Structures are given as C-alpha cells and as structure tokens.
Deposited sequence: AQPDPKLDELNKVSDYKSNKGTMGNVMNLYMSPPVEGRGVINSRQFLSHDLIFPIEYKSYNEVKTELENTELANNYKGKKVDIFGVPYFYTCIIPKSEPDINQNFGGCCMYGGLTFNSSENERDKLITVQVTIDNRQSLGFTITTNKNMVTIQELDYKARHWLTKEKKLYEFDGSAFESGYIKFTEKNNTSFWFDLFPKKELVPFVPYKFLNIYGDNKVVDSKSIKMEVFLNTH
C-alpha cells in the first residue's frame, strides 16, 4: 500500500530550476518516440536481470531493457514478446557482443493476438479543479504501466506544457493509477532537485518492475499544481 502524496511531498519545478537543472531532459523522454517492437526475442543479456533485444530505434540496432530482478528477466527470457518503453542513452550501459547505446526499463509483454484498440480516459485535475480529460489508446489487453504513463505524459507534454525546456506550466504533480481491485500507486511527475545532471536511469527505474495491468479496467488520474 502507498498513500496519496501531500503538497510538500512532491518535487518542485522551481527547485529543479534553481539547482540548475534542465527540465527539457525530462521533456525529451516524453516527446520523443518510444522504443517499440512486436513479437521479438532477446538475443543476449548483459547482467542477469536485463535482456538485450535487436530493435530499430533511430540509428540504434539493439536495446538493453532492465528489470528489477533476475526472476523478472527469466520470465521473458527467450520468449516471443512485445516491447514498449522509454529509451535513454546518456548513462546507458550495454556492452557489445565482441559500451554506450540504447537502454530502457521493463516494457515487456507476451506477444498474443489482442488485435482492437482499447481507449482509456485520463482525468486531469489542475489546482484542485477537475477541468480536463483526454483519451489514450493501446491495443494490448494486458499493458505495462510504462506504455500508459508514456502516452499520458506525451499528450500532456504536447498539449499542456507538462515539460518544457526550461520548466513547465506547472510547479508539481503526480500520476495516479488505480486497478480494478482498488489498489493504487503513483509517480511524481517531476525530477528530484538533486538529479542534476539529469541521470535518466534514476528517473526511468520506476518502470523496472515491468508492472502490467488490464487496459479494460485501469483508472488513470493526473494531479497538477501551478505556481
């Protein structure tokens, strides 16, 4: 169990700015397209809790995806899977077959049929007024949280200035996910003030649990506070 956050528990945009950070580092993660791949199989591993995949994403020909633990890795190792996730490159560590490259966390599901787009609605609350909503669509019945968070953060970044080069329309806020059984959890939308330079792996590692949910039922809520 993980209780909804208080105002003073959230990272602040102005703190990130006054410790000299560049919010655009976070902007890029969510404007930039995701790594995707349908029905792929891992070619190798680096450490035993990651899986390396052949993939085409801009100029990169493979992706290391990291999992929270070995057993998670073994769960996808050698099987036919879909990948959907947020790549990073700075601080990425991926040795050649025989250093730098493309990395991400989690993002894996088993490749099945699944096929029809499902629509999910995201309710946005700003300074405590529920004033906006927008839909995202995925075609996976079981979908990782990453795929949903990304598409939701993408929209808000394109349309509501969630992340700008040097700040944001907002000061703070979080994305809350509530499953059919009423368990729920959230993610602070903004970086820790100490996270300068921006180290992507410490921001993306929340996707490492490779958490997977039912697209038909998942509830999605975003809460934001302006200055």
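Going by the record, the unmodelled stretches of the deposited sequence, in order, are 99 to 104, 122.
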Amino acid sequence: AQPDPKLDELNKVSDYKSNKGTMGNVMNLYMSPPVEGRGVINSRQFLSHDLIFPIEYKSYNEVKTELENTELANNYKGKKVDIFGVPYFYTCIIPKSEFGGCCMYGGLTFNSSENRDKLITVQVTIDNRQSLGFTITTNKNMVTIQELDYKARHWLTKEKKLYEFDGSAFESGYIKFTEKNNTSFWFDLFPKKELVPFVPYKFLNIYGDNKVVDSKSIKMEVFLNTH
From here on, numbers count along this sequence of modelled residues.
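Two stretches are in play, 147 to 155 and 72 to 80, and the higher mean C-alpha B-factor belongs to 72 to 80. As listed in the deposited structure, the average C-alpha B-factor of 31 to 39 and of 62 to 70 is greater for 31 to 39. In this entry, the residue among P87, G106, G133, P95 with the greatest C-alpha B factor is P95. Per the deposited record, the Cα B-factor of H49 falls in the lowest third when ranked against the other modelled residues of its chain.
Per the PDB record, residue ranking by Cα B-factor puts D188 in the lowest third of the chain.
For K176, the recorded CA temperature factor ranks within the lowest third of the chain's modelled residues. Sorting the modelled residues of the chain by their CA temperature factor places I55 in the highest third.
In this PDB entry, the Cα temperature factor of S217 sits in the middle third of its chain's modelled residues.
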